[PDB]
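Structure data (compact mmCIF, C-alpha atoms and all ligand atoms) from entry08.txt:
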```txt
# COMPACT_ATOMS: atom_id res chain seq x y z
CA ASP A 2 94.05 66.08 119.81
CA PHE A 3 90.30 65.38 119.99
CA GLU A 4 87.86 66.04 117.17
CA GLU A 5 85.57 68.91 118.18
CA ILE A 6 82.21 67.67 119.42
CA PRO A 7 78.98 69.30 118.20
CA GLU A 8 78.30 72.71 119.74
CA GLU A 9 74.89 71.57 121.02
CA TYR A 10 76.51 69.51 123.75
CA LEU A 11 78.45 72.51 125.04
CA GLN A 12 75.41 74.75 125.57
CA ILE B 1 95.74 49.94 129.19
CA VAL B 2 99.23 48.39 128.97
CA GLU B 3 99.79 45.18 126.98
CA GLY B 4 96.16 44.96 125.93
CA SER B 5 94.60 44.83 122.50
CA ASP B 6 92.09 46.76 120.43
CA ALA B 7 88.53 46.07 121.52
CA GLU B 8 86.06 44.51 119.11
CA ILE B 9 83.10 46.63 118.03
CA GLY B 10 80.40 46.44 120.69
CA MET B 11 82.62 44.39 123.01
CA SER B 12 82.13 46.72 125.99
CA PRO B 13 78.88 48.58 125.28
CA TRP B 14 78.69 49.80 128.89
CA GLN B 15 82.01 51.66 128.52
CA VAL B 16 81.69 55.40 129.14
CA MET B 17 84.18 58.20 128.53
CA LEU B 18 84.21 61.07 131.03
CA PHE B 19 85.03 64.15 128.94
CA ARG B 20 86.04 67.63 130.05
CA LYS B 21 84.12 70.42 128.31
CA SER B 22 86.96 72.99 128.35
CA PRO B 23 89.63 72.18 127.36
CA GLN B 24 88.02 69.24 125.54
CA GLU B 25 89.91 66.17 126.76
CA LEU B 26 89.48 62.70 128.17
CA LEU B 27 89.24 62.66 131.95
CA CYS B 28 88.47 59.06 132.90
CA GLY B 29 86.52 55.97 132.12
CA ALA B 30 83.17 55.02 133.58
CA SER B 31 80.38 52.48 133.03
CA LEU B 32 76.69 52.51 132.15
CA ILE B 33 74.54 50.73 134.76
CA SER B 34 71.07 51.88 133.64
CA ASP B 35 69.55 54.33 131.18
CA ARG B 36 70.33 57.29 133.49
CA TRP B 37 73.15 56.20 135.85
CA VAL B 38 76.90 56.03 135.26
CA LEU B 39 79.42 54.57 137.70
CA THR B 40 83.02 55.79 138.04
CA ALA B 41 85.88 56.26 140.50
CA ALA B 42 85.56 59.07 143.03
CA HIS B 43 89.13 60.20 142.25
CA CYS B 44 88.01 60.99 138.69
CA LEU B 45 85.92 63.78 140.15
CA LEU B 46 87.46 64.73 143.51
CA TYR B 47 91.18 64.54 144.29
CA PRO B 48 92.41 67.53 146.34
CA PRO B 49 96.12 66.56 146.19
CA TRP B 50 95.94 67.39 142.46
CA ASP B 51 93.50 70.29 142.84
CA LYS B 52 90.77 68.19 141.15
CA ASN B 53 87.18 69.10 142.09
CA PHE B 54 84.90 68.81 139.08
CA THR B 55 81.29 69.94 139.16
CA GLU B 56 78.44 68.69 136.97
CA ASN B 57 78.71 71.52 134.44
CA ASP B 58 82.42 70.89 133.84
CA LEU B 59 81.80 67.45 132.33
CA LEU B 60 80.09 65.36 129.72
CA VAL B 61 79.82 61.61 129.29
CA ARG B 62 80.27 59.98 125.91
CA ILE B 63 78.63 56.56 125.50
CA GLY B 64 78.93 54.04 122.71
CA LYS B 65 82.47 54.99 121.74
CA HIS B 66 85.29 53.02 120.19
CA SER B 67 87.75 55.58 118.78
CA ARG B 68 89.50 57.62 121.50
CA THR B 69 89.61 60.94 119.68
CA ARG B 70 87.04 60.85 116.86
CA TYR B 71 83.52 62.18 117.11
CA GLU B 72 81.67 58.95 116.21
CA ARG B 73 78.68 60.42 114.42
CA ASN B 74 75.47 58.32 114.48
CA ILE B 75 77.05 55.92 116.99
CA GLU B 76 78.16 57.63 120.19
CA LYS B 77 75.79 59.60 122.39
CA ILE B 78 76.80 62.58 124.51
CA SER B 79 75.00 63.23 127.78
CA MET B 80 75.05 66.06 130.29
CA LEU B 81 75.15 65.46 134.03
CA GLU B 82 72.32 66.23 136.39
CA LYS B 83 74.14 65.35 139.61
CA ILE B 84 77.36 63.81 140.97
CA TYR B 85 77.35 61.63 144.10
CA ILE B 86 80.61 60.67 145.80
CA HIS B 87 80.77 58.03 148.51
CA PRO B 88 80.59 59.93 151.84
CA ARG B 89 83.50 57.91 153.23
CA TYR B 90 85.73 58.11 150.14
CA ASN B 91 89.27 58.39 151.53
CA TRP B 92 91.19 60.66 149.20
CA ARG B 93 93.59 61.57 152.00
CA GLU B 94 95.28 58.18 152.46
CA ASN B 95 94.59 55.19 150.21
CA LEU B 96 91.55 55.83 147.96
CA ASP B 97 89.36 53.65 150.20
CA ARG B 98 85.80 53.53 148.82
CA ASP B 99 86.84 55.01 145.46
CA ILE B 100 83.34 55.15 143.94
CA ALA B 101 81.00 57.78 142.53
CA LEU B 102 77.73 57.90 140.61
CA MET B 103 76.60 60.37 137.99
CA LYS B 104 72.93 60.82 137.08
CA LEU B 105 72.32 61.89 133.49
CA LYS B 106 70.06 64.81 132.64
CA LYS B 107 68.09 62.61 130.23
CA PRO B 108 67.93 58.83 129.74
CA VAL B 109 70.19 57.45 126.99
CA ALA B 110 68.77 55.25 124.25
CA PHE B 111 70.26 51.79 124.13
CA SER B 112 71.65 50.48 120.84
CA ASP B 113 74.03 47.88 119.48
CA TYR B 114 76.85 50.02 120.97
CA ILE B 115 75.18 51.24 124.21
CA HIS B 116 73.98 48.74 126.81
CA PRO B 117 74.23 48.51 130.63
CA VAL B 118 76.40 46.10 132.62
CA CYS B 119 75.04 44.21 135.62
CA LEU B 120 76.05 44.87 139.20
CA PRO B 121 76.89 41.72 141.20
CA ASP B 122 74.73 40.09 143.78
CA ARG B 123 76.40 38.63 146.89
CA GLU B 124 76.55 35.11 145.49
CA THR B 125 77.97 35.99 142.08
CA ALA B 126 80.61 38.06 143.88
CA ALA B 127 81.48 35.24 146.27
CA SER B 128 81.72 32.72 143.41
CA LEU B 129 83.83 34.80 141.08
CA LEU B 130 86.03 37.12 143.18
CA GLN B 131 88.66 34.45 143.77
CA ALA B 132 92.39 34.39 143.21
CA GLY B 133 93.29 33.23 139.71
CA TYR B 134 89.87 34.02 138.24
CA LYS B 135 90.19 36.50 135.41
CA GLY B 136 88.33 39.69 134.73
CA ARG B 137 88.54 42.23 131.96
CA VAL B 138 89.46 45.91 132.01
CA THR B 139 88.74 48.36 129.19
CA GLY B 140 89.83 51.94 128.66
CA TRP B 141 91.45 54.66 126.59
CA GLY B 142 94.28 55.34 129.01
CA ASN B 143 97.97 55.30 128.33
CA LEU B 144 99.63 52.32 126.65
CA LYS B 145 102.74 52.57 128.84
CA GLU B 146 103.81 54.21 132.06
CA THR B 147 106.23 56.60 130.34
CA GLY B 155 101.70 56.47 124.16
CA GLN B 156 97.95 56.75 123.65
CA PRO B 157 95.58 54.42 121.79
CA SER B 158 93.59 55.03 118.64
CA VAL B 159 90.69 52.87 119.90
CA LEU B 160 89.40 51.37 123.14
CA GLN B 161 91.80 48.83 124.65
CA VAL B 162 90.98 45.58 126.46
CA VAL B 163 93.02 43.36 128.77
CA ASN B 164 92.13 40.22 130.72
CA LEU B 165 93.82 39.97 134.17
CA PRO B 166 93.72 37.42 137.02
CA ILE B 167 92.59 38.41 140.51
CA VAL B 168 95.52 38.08 142.93
CA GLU B 169 95.65 36.52 146.40
CA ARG B 170 95.17 39.19 149.06
CA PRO B 171 98.50 38.52 150.85
CA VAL B 172 100.34 39.01 147.56
CA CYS B 173 98.46 42.28 146.95
CA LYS B 174 99.36 43.47 150.45
CA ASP B 175 103.02 42.43 150.18
CA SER B 176 103.48 44.29 146.91
CA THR B 177 102.80 47.77 148.29
CA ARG B 178 103.24 50.22 151.12
CA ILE B 179 99.68 51.52 150.72
CA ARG B 180 97.21 50.28 153.33
CA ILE B 181 94.81 48.04 151.48
CA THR B 182 91.23 47.51 152.65
CA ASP B 183 88.36 45.08 152.11
CA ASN B 184 86.89 47.66 149.69
CA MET B 185 89.69 46.88 147.20
CA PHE B 186 91.01 43.91 145.31
CA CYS B 187 94.09 43.61 143.09
CA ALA B 188 94.70 41.97 139.73
CA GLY B 189 97.55 41.29 137.35
CA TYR B 190 100.15 38.69 136.43
CA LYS B 191 103.05 37.78 138.67
CA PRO B 192 106.64 38.33 137.44
CA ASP B 193 107.19 34.65 136.61
CA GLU B 194 103.95 34.14 134.67
CA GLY B 195 105.01 35.13 131.12
CA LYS B 196 101.95 37.33 130.46
CA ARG B 197 101.53 40.95 131.57
CA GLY B 198 99.08 43.86 131.42
CA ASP B 199 97.65 46.59 133.62
CA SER B 200 95.48 49.65 133.78
CA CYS B 201 97.18 53.01 133.52
CA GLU B 202 96.61 56.75 133.66
CA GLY B 203 93.34 57.60 131.96
CA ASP B 204 91.76 54.19 132.59
CA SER B 205 90.66 55.38 136.07
CA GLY B 206 86.98 54.89 136.70
CA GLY B 207 86.46 52.24 134.05
CA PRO B 208 85.06 48.77 134.68
CA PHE B 209 86.64 45.47 135.71
CA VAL B 210 84.08 42.97 134.46
CA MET B 211 83.56 39.20 134.68
CA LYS B 212 81.22 36.98 132.66
CA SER B 213 79.16 34.79 134.95
CA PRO B 214 79.31 31.14 133.85
CA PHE B 215 76.00 30.56 135.63
CA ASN B 216 73.84 32.96 133.61
CA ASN B 217 76.16 34.18 130.81
CA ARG B 218 75.84 37.85 131.80
CA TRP B 219 78.57 40.39 132.37
CA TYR B 220 78.98 41.83 135.86
CA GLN B 221 81.06 44.77 137.00
CA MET B 222 83.14 43.59 139.92
CA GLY B 223 85.64 46.43 140.06
CA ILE B 224 86.42 50.04 139.19
CA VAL B 225 89.91 51.04 137.99
CA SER B 226 91.33 52.72 141.12
CA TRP B 227 95.09 52.81 141.73
CA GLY B 228 98.51 51.41 140.91
CA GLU B 229 102.16 52.23 141.39
CA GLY B 230 103.31 53.00 137.90
CA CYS B 231 101.76 50.79 135.21
CA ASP B 232 102.58 47.15 134.40
CA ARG B 233 105.55 47.04 136.75
CA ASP B 234 106.88 43.61 137.70
CA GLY B 235 105.81 42.73 141.22
CA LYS B 236 103.15 45.46 141.37
CA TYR B 237 99.42 45.06 140.73
CA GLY B 238 96.46 47.16 139.78
CA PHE B 239 93.88 47.88 142.48
CA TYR B 240 90.15 48.02 141.86
CA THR B 241 87.21 49.26 143.93
CA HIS B 242 85.18 46.30 145.23
CA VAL B 243 81.78 47.14 143.76
CA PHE B 244 79.80 44.52 145.67
CA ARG B 245 81.16 45.71 149.03
CA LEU B 246 79.86 49.22 148.25
CA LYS B 247 76.60 48.18 146.60
CA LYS B 248 74.47 49.19 149.59
CA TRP B 249 75.55 52.80 148.99
CA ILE B 250 74.93 52.50 145.23
CA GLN B 251 71.42 51.20 145.88
CA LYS B 252 70.68 53.90 148.46
CA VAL B 253 71.63 56.67 146.02
CA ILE B 254 69.65 55.26 143.10
CA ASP B 255 66.58 54.53 145.23
CA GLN B 256 66.62 57.99 146.84
CA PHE B 257 67.52 60.05 143.76
CA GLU C 6 68.12 46.30 134.13
CA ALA C 7 66.43 42.97 133.41
CA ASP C 8 68.55 42.87 130.25
CA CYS C 9 71.83 43.95 131.82
CA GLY C 10 75.11 42.36 130.85
CA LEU C 11 73.89 40.84 127.55
CA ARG C 12 75.68 42.54 124.66
CA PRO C 13 73.68 43.22 121.47
CA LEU C 14 76.56 42.17 119.22
CA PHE C 15 77.62 39.11 121.24
CA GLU C 16 75.34 37.36 123.74
CA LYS C 17 72.15 38.55 122.08
CA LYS C 18 73.30 36.93 118.78
CA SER C 19 75.09 33.95 120.37
CA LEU C 20 78.46 35.23 119.11
CA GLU C 21 81.56 34.98 121.28
CA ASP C 22 84.23 37.64 121.44
CA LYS C 23 87.81 36.63 120.75
CA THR C 24 89.00 36.24 124.38
CA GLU C 25 85.97 35.65 126.63
CA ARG C 26 86.84 31.95 126.73
CA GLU C 27 90.04 32.91 128.59
CA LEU C 28 87.84 34.19 131.40
CA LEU C 29 85.62 31.10 131.45
CA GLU C 30 88.63 28.76 131.57
CA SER C 31 89.84 30.50 134.73
CA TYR C 32 86.55 29.95 136.60
CA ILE C 33 86.71 26.73 138.65
CA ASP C 34 83.69 27.30 140.93
CA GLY C 35 80.57 25.31 140.13
CA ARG C 36 81.71 23.15 137.22
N1 LIG D 1 100.06 55.97 141.85
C1 LIG D 1 99.00 56.39 142.80
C2 LIG D 1 97.64 56.22 142.10
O1 LIG D 1 97.38 55.15 141.58
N2 LIG D 1 96.81 57.26 142.01
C3 LIG D 1 96.98 58.65 142.48
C4 LIG D 1 95.57 59.20 142.48
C5 LIG D 1 94.88 58.46 141.32
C6 LIG D 1 95.53 57.08 141.29
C7 LIG D 1 95.80 56.64 139.85
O2 LIG D 1 96.69 57.14 139.19
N3 LIG D 1 94.98 55.70 139.38
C8 LIG D 1 95.08 55.20 138.02
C9 LIG D 1 95.65 53.80 137.91
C10 LIG D 1 96.94 53.60 137.45
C11 LIG D 1 97.46 52.32 137.35
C12 LIG D 1 96.69 51.22 137.68
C13 LIG D 1 95.40 51.43 138.13
CL1 LIG D 1 94.40 50.06 138.54
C14 LIG D 1 94.87 52.70 138.26
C15 LIG D 1 99.00 55.51 144.08
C16 LIG D 1 100.38 55.23 144.68
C17 LIG D 1 101.26 56.27 144.92
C18 LIG D 1 102.50 56.02 145.49
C19 LIG D 1 102.86 54.74 145.84
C20 LIG D 1 101.99 53.70 145.61
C21 LIG D 1 100.76 53.94 145.02
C22 LIG D 1 98.03 55.97 145.16
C23 LIG D 1 97.16 55.07 145.77
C24 LIG D 1 96.30 55.48 146.77
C25 LIG D 1 96.30 56.81 147.19
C26 LIG D 1 97.16 57.71 146.60
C27 LIG D 1 98.02 57.30 145.59
NA NA D 2 102.62 45.91 152.31
NA NA D 3 102.63 44.07 137.46
```
With the file now loaded, output its structure as structure tokens.
Ligand SMILES: N[C@@H](C(=O)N1CCC[C@H]1C(=O)NCc1cccc(Cl)c1)C(c1ccccc1)c1ccccc1
Ligand code: NA
Ligand code: NA
Amino acid sequence: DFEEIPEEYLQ
Amino acid sequence: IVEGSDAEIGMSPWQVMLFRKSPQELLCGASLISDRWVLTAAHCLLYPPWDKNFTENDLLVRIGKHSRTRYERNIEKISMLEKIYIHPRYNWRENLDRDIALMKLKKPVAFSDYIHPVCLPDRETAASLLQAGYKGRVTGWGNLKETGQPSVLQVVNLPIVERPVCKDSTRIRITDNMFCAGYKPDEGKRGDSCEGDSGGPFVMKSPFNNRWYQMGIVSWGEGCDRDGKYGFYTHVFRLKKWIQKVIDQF
Amino acid sequence: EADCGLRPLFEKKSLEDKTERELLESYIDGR
């Protein structure tokens, strides 16, 4: 339901 | 938030979203109190009855947001957590007494038109304003009704309730570390926090210095917006000695 | 912060939000 956040924050 | 309205842009620039990394989902609200410190409810992070025990690496905070679900490019900022601190006498077993936690960010966040810290109350501002009938304001992205979810941040203004009325509304043991707020059944206005608003701020605008202060943290309720029930909020001033000790030491 | 509680888009520009007056009107102390 949420727009994917940028991959950099999931490192 | 039940029976609230859409927030204005920049209305609550201390609002923080606690966000789970995997699955990606909203976990709670929170508030920005400095460039590296975020305040929330302890039960957002630790609640054994529901098998909840989040660690730093499970979570992000999202600051400057308005839309619940959108990635607000060039507006919101996403921060990783260095460390979680839960009040050492947080009572998750019984009644959520001392429902407060701090999160230190890995790096300071840059302030902007959309990102700005709220004040914490001094003793005198708290004494002047934490009085029955005086209204505060709650913001959050939680559910719109008990039994559904908002497009954008919601806001509701609610009156603080007399302590005997709070006590007489519930079977939970209430403590001096809590206050309750909401309209009474006869009053013709309504509103409450709800699931997903946990950890967000109950704020009041001082008429003495025209600054916003965080008096409460969204803590607990029985259902949402039920007649004769009230929302309960962590009493931030009563726990400020602990807040100050953590920030000074860490 | 020395600047806490003053919103860039409201207090810092002397603009009021649409319901803050509701809060003020409830505050008896000190007037
Ligand atoms: N409904 C429970 C509660 O509020 N909980 C459970 C843990 C997290 C918390 C919660 O859902 N908070 C969000 C919320 C919802 C509505 C209004 C507000 Cl202000 C906040 C509450 C409660 C349970 C049964 C009977 C009365 C009260 C509770 C109280 C103390 C201890 C255990 C359960
Ligand atoms: Na009771
Ligand atoms: Na109610």
With 7 Å as the cut-off and only C-alpha atoms and all ligand atoms counted, what is the closest atom pair between each nearby residue of chain B and ligand NA 2 (chain D)? Distances in Å to one decimal, ordered by chain and number, as a tab-separated table.
```
residue	atom	partner	partner_atom	distance
B:174	CA	D:NA2	NA	4.5
B:175	CA	D:NA2	NA	4.1
B:176	CA	D:NA2	NA	5.7
B:177	CA	D:NA2	NA	4.4
B:178	CA	D:NA2	NA	4.5
B:179	CA	D:NA2	NA	6.5
```
Could the residues in this selection be written to a file with C-alpha atoms, as a tab-separated table (two decimals), in the frame of the given file?
```tsv
chain	number	residue	atom	x	y	z
B	174	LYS	CA	99.36	43.47	150.45
B	175	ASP	CA	103.02	42.43	150.18
B	176	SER	CA	103.48	44.29	146.91
B	177	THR	CA	102.80	47.77	148.29
B	178	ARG	CA	103.24	50.22	151.12
B	179	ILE	CA	99.68	51.52	150.72
```
Review point. Within 8 Å of chain B, which residues of chain A show up when using all atoms listed in the file, listed as number ranges by chain?
Key: A: 2-6, 10-11
Point to revise | Length of the CA of residue 14 in chain C to CA of residue 164 in chain B vector [Å] | key: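 Between CA of residue 14 in chain C and CA of residue 164 in chain B the gap works out to 19.5 Å.
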Practice item. Output the neighbourhood of ligand NA 3 (chain D) as a PyMOL selection string, that is, all protein and nucleic acid residues with some atom at most 10 Å from the ligand, counting only C-alpha atoms and all ligand atoms. Key: chain B and resi 176+188-192+196-200+228-238
Review point. When you draw a straight line from CA of residue 51 in chain B to atom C18 of ligand LIG 1 (chain D), how long is it in Å?
Key: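 Those two atoms sit 17.1 Å apart.
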Check your understanding: List as a PyMOL selection string: which residues have an atom within 7 Å of (75.3, 57.1, 146.7), counting only C-alpha atoms?
Key -> chain B and resi 85-87+102+249-250+252-254
Exercise for review: For residue 110 in chain B, list every protein, DNA or RNA residue within 12 Å, evaluated using only C-alpha atoms, and leave out those in the same chain fewer than 4 positions away; present the list as a list in words.
Suggested key: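 Everything that qualifies: residues 32, 34, 35, 36, 63, 64, 75, 76, 77, 78, 79, 105, 114, 115, 116 and 117 of chain B.
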Review point. Which residues of chain C are close to chain B, meaning at most 7 Å apart when you count all atoms listed in the file, and how do they look as a PyMOL selection string?
Key: chain C and resi 6+9-14+28-29+31-32+34
Kindly output chain C as a tab-separated table (two decimals), in the coordinates of the input, after building N, CA and C atoms.
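The file below, out_15.tsv, is the result:
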```tsv
chain	number	residue	atom	x	y	z
C	6	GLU	N	69.13	46.61	135.19
C	6	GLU	CA	68.12	46.30	134.13
C	6	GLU	C	67.93	44.78	133.99
C	7	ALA	N	66.70	44.38	133.66
C	7	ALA	CA	66.43	42.97	133.41
C	7	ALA	C	67.32	42.41	132.32
C	8	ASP	N	67.75	43.26	131.40
C	8	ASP	CA	68.55	42.87	130.25
C	8	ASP	C	70.04	43.18	130.41
C	9	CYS	N	70.46	43.53	131.61
C	9	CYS	CA	71.83	43.95	131.82
C	9	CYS	C	72.82	42.84	131.44
C	10	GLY	N	73.99	43.26	131.00
C	10	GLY	CA	75.11	42.36	130.85
C	10	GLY	C	75.04	41.45	129.64
C	11	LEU	N	74.05	41.64	128.76
C	11	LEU	CA	73.89	40.84	127.55
C	11	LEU	C	74.15	41.75	126.37
C	12	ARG	N	75.27	41.57	125.69
C	12	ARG	CA	75.68	42.54	124.66
C	12	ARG	C	74.93	42.31	123.36
C	13	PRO	N	74.38	43.37	122.75
C	13	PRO	CA	73.68	43.22	121.47
C	13	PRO	C	74.47	42.49	120.40
C	14	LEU	N	75.77	42.72	120.31
C	14	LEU	CA	76.56	42.17	119.22
C	14	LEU	C	77.22	40.86	119.56
C	15	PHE	N	77.01	40.36	120.79
C	15	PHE	CA	77.62	39.11	121.24
C	15	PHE	C	76.56	38.21	121.83
C	16	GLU	N	76.27	38.30	123.13
C	16	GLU	CA	75.34	37.36	123.74
C	16	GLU	C	73.99	37.36	123.05
C	17	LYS	N	73.48	38.53	122.65
C	17	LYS	CA	72.15	38.55	122.08
C	17	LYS	C	72.09	37.86	120.72
C	18	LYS	N	73.23	37.66	120.04
C	18	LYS	CA	73.30	36.93	118.78
C	18	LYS	C	73.98	35.58	118.92
C	19	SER	N	74.28	35.15	120.14
C	19	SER	CA	75.09	33.95	120.37
C	19	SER	C	76.42	33.96	119.61
C	20	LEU	N	77.09	35.11	119.61
C	20	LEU	CA	78.46	35.23	119.11
C	20	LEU	C	79.39	35.48	120.28
C	21	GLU	N	80.54	34.83	120.25
C	21	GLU	CA	81.56	34.98	121.28
C	21	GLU	C	82.61	35.98	120.83
C	22	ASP	N	83.09	36.80	121.77
C	22	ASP	CA	84.23	37.64	121.44
C	22	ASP	C	85.52	36.81	121.49
C	23	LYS	N	86.61	37.41	121.02
C	23	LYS	CA	87.81	36.63	120.75
C	23	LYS	C	88.54	36.13	122.00
C	24	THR	N	88.28	36.68	123.19
C	24	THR	CA	89.00	36.24	124.38
C	24	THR	C	88.12	35.90	125.58
C	25	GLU	N	86.80	35.94	125.47
C	25	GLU	CA	85.97	35.65	126.63
C	25	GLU	C	86.20	34.24	127.15
C	26	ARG	N	86.58	33.31	126.28
C	26	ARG	CA	86.84	31.95	126.73
C	26	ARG	C	87.99	31.91	127.73
C	27	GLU	N	88.95	32.84	127.63
C	27	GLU	CA	90.04	32.91	128.59
C	27	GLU	C	89.49	33.13	130.00
C	28	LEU	N	88.47	33.97	130.11
C	28	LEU	CA	87.84	34.19	131.40
C	28	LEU	C	87.18	32.91	131.89
C	29	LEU	N	86.35	32.30	131.06
C	29	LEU	CA	85.62	31.10	131.45
C	29	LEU	C	86.56	30.01	131.93
C	30	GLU	N	87.68	29.82	131.22
C	30	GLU	CA	88.63	28.76	131.57
C	30	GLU	C	89.28	28.99	132.93
C	31	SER	N	89.29	30.21	133.41
C	31	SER	CA	89.84	30.50	134.73
C	31	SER	C	88.86	30.26	135.85
C	32	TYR	N	87.58	30.06	135.55
C	32	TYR	CA	86.55	29.95	136.60
C	32	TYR	C	86.31	28.50	137.00
C	33	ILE	N	86.87	28.10	138.15
C	33	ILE	CA	86.71	26.73	138.65
C	33	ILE	C	85.35	26.50	139.31
C	34	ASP	N	84.87	27.48	140.07
C	34	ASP	CA	83.69	27.30	140.93
C	34	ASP	C	82.50	26.78	140.14
C	35	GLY	N	81.84	25.74	140.67
C	35	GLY	CA	80.57	25.31	140.13
C	35	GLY	C	80.63	24.37	138.94
C	36	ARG	N	81.79	24.04	138.39
C	36	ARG	CA	81.71	23.15	137.22
C	36	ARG	C	81.65	21.68	137.61
```
